[PDB]
Structure formats: structure tokens, C-alpha cells
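Undergrad: The structure that follows is given in the form of C-alpha cells.
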Amino acid sequence: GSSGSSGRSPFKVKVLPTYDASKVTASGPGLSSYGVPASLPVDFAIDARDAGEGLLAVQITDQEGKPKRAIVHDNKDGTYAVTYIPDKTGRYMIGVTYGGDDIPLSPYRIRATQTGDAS
């Protein structure tokens, strides 16, 4: 089941938005394919060329799918930084979104390289 359909407007055209998720990309250690240090404060960079401006949001989950703490850094220089401390190593799935629209790049598959953690 579902419901809603809320929100109206007295005047609004059907033109194209200035922003564009598709034009959104990210680079850095936080998304390093080679691997990332477990229990280490890592952050990536979001450089937008033709993505314009759009509500950015990050969702970090674990192999089980638990909510992870994600900090938001504002540079106001045409980019966006995000720090995340992966405590519980494992398959991490990051779901980046811009202006209520997920990019064709996400989700993101990363592996937290941990050592020891004997139980």
C-alpha cells in the first residue's frame, strides 16, 4: 500500500531543471577501489561540472544494512566533501543522490581493509 500526492503550486512550468544528477561524480579515498583503511576517518570529494546545485545526500550501509554516521562538509567552491568512519568492516554500499535523484554510478561497492579484530 501507499499514499500521498501532496504539494501544489499556483504557477509552475514544465521546463528542465538547472541541476542534473547524471552530471554528478565523486573521487577520493572514500571511494577507493584498491581498498580503504578500516576504523579510519576517510572522506571523498564531489566535483560537479554541469550538475549545478541539488540537495546532496549520502547513505552508508553495512553487509547487514545498518545506518552509518556520515558528516557533511561544505566548501562552497563548486564541490562537496563527506567524511565517514567505517567501524564495522565489510561490504559497504554507498548511495549518493543529488536533488532527490540517485546517480547512475551508485550504489558504490567498497571493502574496508581491517586487521586483527579478534573475538
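Please note that chains go A, B, ... in the order of the C-alpha cells, that every chain numbers its residues from 1, and that ligands are numbered from 1 in the order shown.
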What's around residue A:105 at 12 Å? Count only C-alpha atoms, leave out sequence neighbours fewer than 6 positions away in its own chain, and write the answer as a CSV table (one decimal) with N, CA, C and O atoms, in the first residue's frame.
TA:
chain,number,residue,atom,x,y,z
A,21,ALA,N,21.7,15.1,-11.8
A,21,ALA,CA,22.4,14.1,-11.1
A,21,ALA,C,23.4,13.4,-12.0
A,21,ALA,O,24.6,13.2,-11.6
A,22,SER,N,23.0,13.0,-13.2
A,22,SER,CA,23.8,12.4,-14.1
A,22,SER,C,25.2,13.1,-14.3
A,22,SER,O,26.2,12.4,-14.5
A,23,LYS,N,25.2,14.4,-14.1
A,23,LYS,CA,26.4,15.2,-14.2
A,23,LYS,C,27.1,15.3,-12.8
A,23,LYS,O,27.7,16.3,-12.5
A,24,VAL,N,26.9,14.2,-12.0
A,24,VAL,CA,27.5,14.2,-10.7
A,24,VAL,C,28.5,13.1,-10.5
A,24,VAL,O,28.2,11.9,-10.9
A,25,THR,N,29.7,13.4,-10.1
A,25,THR,CA,30.8,12.4,-9.9
A,25,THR,C,31.5,12.6,-8.6
A,25,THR,O,31.5,13.7,-8.0
A,26,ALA,N,32.2,11.6,-8.1
A,26,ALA,CA,32.9,11.7,-6.9
A,26,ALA,C,34.3,10.9,-7.0
A,26,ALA,O,34.4,9.9,-7.7
A,27,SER,N,35.3,11.4,-6.3
A,27,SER,CA,36.6,10.8,-6.3
A,27,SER,C,37.3,11.0,-5.0
A,27,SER,O,37.1,12.0,-4.3
A,31,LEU,N,36.1,6.4,-1.8
A,31,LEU,CA,35.6,5.5,-2.8
A,31,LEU,C,36.7,4.8,-3.6
A,31,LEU,O,36.5,4.4,-4.7
A,93,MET,N,27.9,-0.3,1.1
A,93,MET,CA,27.2,0.2,-0.1
A,93,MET,C,26.7,1.7,0.1
A,93,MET,O,25.9,2.0,1.0
A,94,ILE,N,27.4,2.6,-0.6
A,94,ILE,CA,27.1,4.0,-0.5
A,94,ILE,C,26.1,4.4,-1.6
A,94,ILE,O,26.3,4.1,-2.8
A,95,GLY,N,25.0,5.1,-1.2
A,95,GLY,CA,24.0,5.5,-2.2
A,95,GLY,C,24.0,7.1,-2.3
A,95,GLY,O,23.2,7.7,-1.5
A,96,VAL,N,24.7,7.6,-3.2
A,96,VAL,CA,24.7,9.1,-3.4
A,96,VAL,C,23.5,9.6,-4.2
A,96,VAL,O,23.1,8.9,-5.1
A,97,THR,N,23.0,10.7,-3.8
A,97,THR,CA,21.9,11.3,-4.5
A,97,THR,C,22.0,12.8,-4.6
A,97,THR,O,22.5,13.5,-3.7
A,98,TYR,N,21.5,13.4,-5.7
A,98,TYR,CA,21.5,14.8,-5.9
A,98,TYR,C,20.1,15.3,-6.4
A,98,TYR,O,19.6,15.0,-7.4
Undergrad: Show which residues sit within 12 Å of stretch 40-52 of chain A, as a VMD selection string. Count only C-alpha atoms, and ignore same-chain residues fewer than 5 positions away.
TA: chain A and resid 17 to 32 35 57 to 58 69 to 89 94 96 to 99 101 103 112 to 114
Undergrad: For residue A:102, which residue among A:2, A:90, A:68, A:55 is the nearest when counting only C-alpha atoms?
TA: A:55
Undergrad: Quick check for you: according to DSSP on this backbone, which residues of chain A are classed as strand (DSSP E)? Reply as a ChimeraX atom specification.
TA: /A:24-27,36-37,42-48,56-57,60-61,70-74,79-84,91-94,97-98,108-113
Undergrad: Could the residues in this selection be written to a file with N, CA and C atoms, as a compact mmCIF listing (two decimals), in the first residue's frame?
TA:
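Heads up, here's the output in again33.txt:
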# COMPACT_ATOMS: atom_id res chain seq x y z
N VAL A 24 26.89 14.24 -11.99
CA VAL A 24 27.50 14.21 -10.66
C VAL A 24 28.52 13.09 -10.55
N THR A 25 29.71 13.42 -10.06
CA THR A 25 30.78 12.44 -9.90
C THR A 25 31.52 12.65 -8.58
N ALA A 26 32.19 11.60 -8.12
CA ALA A 26 32.94 11.67 -6.87
C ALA A 26 34.28 10.94 -7.00
N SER A 27 35.29 11.45 -6.30
CA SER A 27 36.62 10.85 -6.34
C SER A 27 37.34 11.03 -5.01
N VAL A 36 40.08 0.59 1.44
CA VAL A 36 40.13 1.66 2.42
C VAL A 36 40.45 1.12 3.81
N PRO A 37 41.14 1.93 4.62
CA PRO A 37 41.52 1.55 5.99
C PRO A 37 40.31 1.48 6.92
N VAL A 42 37.89 8.50 6.69
CA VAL A 42 38.12 8.76 5.27
C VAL A 42 37.02 9.65 4.70
N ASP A 43 37.39 10.49 3.74
CA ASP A 43 36.44 11.40 3.10
C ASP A 43 36.74 11.55 1.62
N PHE A 44 35.69 11.65 0.81
CA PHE A 44 35.83 11.79 -0.63
C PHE A 44 35.48 13.21 -1.07
N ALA A 45 35.66 13.48 -2.36
CA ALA A 45 35.36 14.80 -2.91
C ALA A 45 34.34 14.69 -4.04
N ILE A 46 33.39 15.62 -4.06
CA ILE A 46 32.36 15.63 -5.09
C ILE A 46 32.50 16.85 -6.00
N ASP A 47 33.03 16.63 -7.20
CA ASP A 47 33.22 17.70 -8.16
C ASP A 47 32.12 17.68 -9.22
N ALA A 48 31.31 18.74 -9.25
CA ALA A 48 30.23 18.84 -10.22
C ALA A 48 30.55 19.86 -11.31
N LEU A 56 22.16 17.35 -1.81
CA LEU A 56 23.04 16.19 -1.74
C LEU A 56 22.73 15.35 -0.51
N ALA A 57 22.85 14.03 -0.65
CA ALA A 57 22.59 13.12 0.45
C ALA A 57 23.41 11.84 0.32
N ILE A 60 25.33 5.42 3.94
CA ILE A 60 26.30 4.34 4.10
C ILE A 60 25.70 3.18 4.89
N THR A 61 25.75 1.99 4.30
CA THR A 61 25.21 0.79 4.94
C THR A 61 26.27 -0.30 5.05
N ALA A 70 27.54 9.75 8.86
CA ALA A 70 28.15 10.45 7.74
C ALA A 70 28.13 11.96 7.96
N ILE A 71 29.31 12.57 7.96
CA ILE A 71 29.43 14.01 8.16
C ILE A 71 29.38 14.75 6.83
N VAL A 72 28.81 15.95 6.85
CA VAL A 72 28.69 16.77 5.65
C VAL A 72 29.59 18.00 5.73
N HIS A 73 30.49 18.14 4.75
CA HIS A 73 31.41 19.27 4.71
C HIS A 73 31.08 20.19 3.55
N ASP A 74 30.84 21.46 3.85
CA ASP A 74 30.52 22.45 2.83
C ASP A 74 31.73 23.32 2.51
N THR A 79 32.25 22.21 -4.98
CA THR A 79 32.50 20.83 -4.59
C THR A 79 31.89 20.52 -3.23
N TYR A 80 31.88 19.24 -2.87
CA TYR A 80 31.32 18.81 -1.59
C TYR A 80 32.13 17.66 -1.00
N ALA A 81 32.46 17.77 0.28
CA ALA A 81 33.23 16.74 0.96
C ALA A 81 32.36 15.96 1.94
N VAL A 82 32.69 14.69 2.15
CA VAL A 82 31.94 13.84 3.06
C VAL A 82 32.85 12.85 3.78
N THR A 83 32.87 12.92 5.10
CA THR A 83 33.71 12.04 5.90
C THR A 83 32.89 10.91 6.51
N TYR A 84 33.47 9.71 6.56
CA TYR A 84 32.79 8.55 7.12
C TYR A 84 33.78 7.60 7.78
N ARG A 91 31.23 -5.40 3.42
CA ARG A 91 30.72 -4.82 2.18
C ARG A 91 29.94 -3.54 2.46
N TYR A 92 30.51 -2.41 2.05
CA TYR A 92 29.87 -1.12 2.26
C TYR A 92 29.20 -0.63 0.97
N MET A 93 27.92 -0.27 1.09
CA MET A 93 27.16 0.21 -0.06
C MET A 93 26.75 1.67 0.14
N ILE A 94 27.37 2.56 -0.62
CA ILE A 94 27.06 3.99 -0.53
C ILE A 94 26.09 4.41 -1.62
N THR A 97 23.03 10.73 -3.84
CA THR A 97 21.88 11.30 -4.54
C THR A 97 21.99 12.82 -4.63
N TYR A 98 21.47 13.37 -5.72
CA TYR A 98 21.50 14.81 -5.93
C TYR A 98 20.14 15.33 -6.38
N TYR A 108 27.69 2.18 -4.45
CA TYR A 108 29.13 2.01 -4.55
C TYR A 108 29.60 0.83 -3.70
N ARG A 109 30.43 -0.02 -4.29
CA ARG A 109 30.95 -1.19 -3.59
C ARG A 109 32.37 -0.94 -3.10
N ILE A 110 32.57 -1.04 -1.79
CA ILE A 110 33.88 -0.82 -1.20
C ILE A 110 34.18 -1.87 -0.13
N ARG A 111 35.47 -2.12 0.10
CA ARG A 111 35.89 -3.10 1.10
C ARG A 111 36.82 -2.46 2.12
N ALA A 112 36.43 -2.52 3.39
CA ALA A 112 37.24 -1.96 4.47
C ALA A 112 38.33 -2.93 4.90
N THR A 113 39.57 -2.60 4.56
CA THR A 113 40.71 -3.44 4.91
C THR A 113 41.02 -3.34 6.40
Undergrad: Could you go through chain A and tell me which residues DSSP, when run on the backbone, assigns to helix (DSSP H, G or I), listing them as a ChimeraX atom specification?
TA: /A:21-23,29-31
